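As C-alpha cells, the structure follows; a few thoughts come after it.
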Amino acid sequence: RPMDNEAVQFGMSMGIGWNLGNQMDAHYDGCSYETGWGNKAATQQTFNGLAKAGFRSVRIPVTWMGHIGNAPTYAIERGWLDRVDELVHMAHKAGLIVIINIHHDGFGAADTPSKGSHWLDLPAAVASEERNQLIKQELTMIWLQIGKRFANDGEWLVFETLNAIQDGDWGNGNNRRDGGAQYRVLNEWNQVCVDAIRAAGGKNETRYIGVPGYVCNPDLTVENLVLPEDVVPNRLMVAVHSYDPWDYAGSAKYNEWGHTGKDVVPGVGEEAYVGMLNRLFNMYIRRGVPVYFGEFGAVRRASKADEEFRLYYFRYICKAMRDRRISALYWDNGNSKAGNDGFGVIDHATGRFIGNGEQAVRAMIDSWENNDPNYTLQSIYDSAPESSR
Ligand SMILES: OC[C@H]1O[C@@H](O[C@H]2[C@H](O)[C@@H](O)[C@H](O[C@H]3[C@H](O)[C@@H](O)[C@H](O)O[C@@H]3CO)O[C@@H]2CO)[C@H](O)[C@@H](O)[C@@H]1O
C-alpha cells in the first residue's frame, strides 16, 4: 500500500514546523542580509525554543543573491555558507528536521527591493533557451556547492530545490495561455537541481528533496508538475504553500473564517480547504509521494474574538493535514503587528513567544499531533467560535 511507505512516513515525521522567515531570505539592492528586514540574529536558543514548543521541523529559507561570485564557477561567499551551515547545525542540535532552499533569488513579482538582481528569471528563460541555459548552469553550480558542504549530513537535512517561481501575475498570467512553456521550464529547473544534488555525493544521494510547482500553488502543481527522474526511488517530496483564502489569512480584509463566521471571504471556508488537501492526497500521498506545506499561515488579529477564528482555522486545517499524512511549516516573519503581514509568533533571536503567539502555536501543533480518535474534523467544526459581528 503506497501511502504506508517509508517516504510518506518521513513526510509525516516533519509534523508541524516553523519558518525562520525574513531572515536569511531578507535582501535589498541585490544582496541578502540576515538582519536586513528587522529580525535579529538567530541563536541556538531560537531553535531550542522551537523544539520545546513541539515543532518537529524548521525551514530556513536562504536568498543567495549577492553572495554569488562570477560565472562559470558561481562561488558562494564562504562566510554566507558558514552561517547557513551553522544554523542548519543549531537546528540539528535541537533535534529538528531541517529544510534549506533557494528563496528570493526566484522572486517573480515587481514589488522587490532588489530590482534587476533576480538572476532566477522565468520570463527571461522562456524568452530564450540561451538565458535558460545560463540559469541552469548557475542552479547546478550553486546546488553542487551546497551539496558538498553538507555531504556528511544525513536525511534529517532536506533540500528544497526552489521556492515560488512565477512571472509576476501569481498564476493568473501568461502561464495559463503560453502552451505550457512556463511550466515546462520550471520542471526543467527542478530536474537540473535534483541532478546537481545527487552529483554532490555522500549523503546527498539518499537525501529527501522537495520540489515545487508554479508559484507553489497546489492546483497548478497537481496539473503541471512532473516529478524529476531520480537516481534513487522514493526520495522526492512535493512542496506546496497555502495562505488560503488570502483575503482572510494574508491581507486580513476579512477577519472571520468558516461556517460560523460572518465577516468571511464569500463562499470559501472549510469545504474548499479540505478539497484542496484531498486533491494533494489523491495525486501524491495515495501514490507514495510525500507532500509538505513549506509555508502556511494566517496573520494575527487585533481583537480576541477574531483571534479565536484564527485558532479555529489552525486547528481545523492542521487536523485535515494530519489525517492526509501531510506535514506543514508555519510562516513566521518575526512581525508582531496584527493584520496584514502579522505572522510573528516566536522571536527569532531568543526562541521565546511574541505576544499571544503561544496560543497559535499550540493550536496548530496540538491539532496535528492529537491521537484521540474522537477528535475529528466534525468535533472541531462543532466547536467553532461565535461571530463577534
Ligand atoms: O519588512 C521589511 C520587508 O518586508 C518584505 O516583505 C516580505 C513579507 O514581510 C513576508 O512575510 C513575505 O513572505 C512570503 C514568502 O517569502 C514567500 O515564499 C511566499 O510566497 O509568501 C510569503 C507571504 O507573503 O515576503 C515578503 C517579500 O517577498 C518586503 O518585500 C520589503 O520591501 C520590506 O522592506
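Taken in order, the sequence shown gives residues 9 to 397; the numbers are from PDB author numbering. All C-beta atoms in this analysis are idealised placements derived from N, C-alpha and C, irrespective of residue type, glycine included.
Can you tell me which residues form a DSSP beta bridge with residue i?
i	result
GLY218	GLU168, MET245
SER40	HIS35
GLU366	In the DSSP output, where bridge partners are listed per residue, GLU366 has none listed.
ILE173	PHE115
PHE304	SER250, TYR338
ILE354	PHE361
Looking at the secondary structure, which residues open and close the alpha helix (DSSP H) in which residue i lies?
i	result
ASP340	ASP340 -> not in any alpha helix (DSSP H); beta strand (DSSP E) instead, spanning 335-340.
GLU14	14-21
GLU138	137-157
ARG332	It is not in any alpha helix (DSSP H) - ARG332 carries neither H nor E in the DSSP assignment.
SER396	Here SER396 belongs to no alpha helix (DSSP H), and DSSP marks it neither H nor E.
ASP161	Segment: none, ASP161 is in no alpha helix (DSSP H) and carries neither H nor E.
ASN198	189-207
Ignore the nearest five residues each way along the sequence and tell me which others in residue i's own chain have a CB closer than 7 angstroms to its CB.
i	result
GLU316	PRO393
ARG139	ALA132, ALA133
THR268	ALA392, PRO393, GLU394, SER395
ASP175	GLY116, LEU130, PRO131, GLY181, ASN182, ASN183, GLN190
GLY305	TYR251, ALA257, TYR338, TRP339, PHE351
residue 408	Residue 408 lies beyond the residue range present for the chain, which begins at 9 and ends at 397; the question has no answer from this structure.
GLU137	none
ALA59	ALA102, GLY103, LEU104
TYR82	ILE76, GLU146, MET149, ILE150
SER125	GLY38, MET73
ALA49	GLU42, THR43, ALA357
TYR36	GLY44, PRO121, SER122
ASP113	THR71, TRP72, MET73, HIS126, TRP127, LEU128
With distances taken Cα to Cα, identify the nearest neighbour of residue i among the options.
i	options	result
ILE107	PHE115, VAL96, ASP113	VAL96
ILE84	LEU152, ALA117, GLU42	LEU152
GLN17	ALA357, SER396, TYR383, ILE293	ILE293
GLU231	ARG9, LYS312, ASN195	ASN195
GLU14	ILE154, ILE388, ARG295, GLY302	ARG295
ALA34	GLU237, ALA59, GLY57, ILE110	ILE110
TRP45	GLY103, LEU228, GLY342	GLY342
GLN31	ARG360, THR43, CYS39	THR43
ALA79	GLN145, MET22, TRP265	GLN145
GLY363	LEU244, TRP164, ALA310	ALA310
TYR320	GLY275, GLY124, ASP374, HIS356	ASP374
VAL200	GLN141, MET98, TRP127	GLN141
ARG332	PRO236, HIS356, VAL299, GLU303	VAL299
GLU163	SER65, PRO226, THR120	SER65
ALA118	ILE173, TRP72, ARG91, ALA99	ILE173
residue 470	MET372, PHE289, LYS312, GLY347	Given that the chain is displayed from residue 9 to residue 397, the structure contains no residue 470 and the question cannot be resolved.
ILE143	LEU128, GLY155, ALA135	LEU128
residue 399	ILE388, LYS312, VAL248, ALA135	Nothing can be reported for residue 399, as the shown portion of the chain is limited to 9 through 397.
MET22	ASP186, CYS326, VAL353	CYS326
Can you tell me where the beta strand (DSSP E) holding residue i begins and where it ends?
i	result
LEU28	24-28
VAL230	Premise fails: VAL230 lies in the alpha helix (DSSP H), 226-232, not in any beta strand (DSSP E).
For residue i, which residues of its own chain have a beta-carbon under 8 angstroms away from its beta-carbon, when the five flanking residues on both sides are left out?
i	result
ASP93	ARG157, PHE158
residue 407	Nothing about residue 407 can be read from this structure; the chain reaches only from 9 to 397.
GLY188	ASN232
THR358	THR51, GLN53, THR54, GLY57
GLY277	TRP265, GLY266, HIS267, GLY269
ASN160	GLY210, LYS211
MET284	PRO226, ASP227, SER250, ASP252
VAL70	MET32, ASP33, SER40, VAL92, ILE108, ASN109, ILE110, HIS111
Residues in its own chain within less than 6 angstroms of residue i by CB, not counting five upstream and five downstream?
i	result
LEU233	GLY221
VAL239	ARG206
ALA61	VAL369
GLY29	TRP339, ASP340, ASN341
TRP88	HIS75
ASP349	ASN343
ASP271	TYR262, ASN263, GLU264, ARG397
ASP390	none
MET329	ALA336
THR169	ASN198, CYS201, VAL219
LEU235	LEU244
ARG318	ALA306, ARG309
- Message: Suppose only complete runs of 3+ residues qualify. What are the beta strand (DSSP E) ranges in the stretch 241-301, listed by chain order?
- Response: Annotation: the stretch 241-301 contains the following complete segments of the beta strand (DSSP E) (minimum length 3 residues), in chain order: 244-250.
- Query: At what residue ranges does the stretch 44-132 contain a whole run of the alpha helix (DSSP H), taking only runs of 4 or more?
  - Reply: Counting whole runs of 4 or more residues, the stretch 44-132 contains the alpha helix (DSSP H) stretches 52-61, 86-101.
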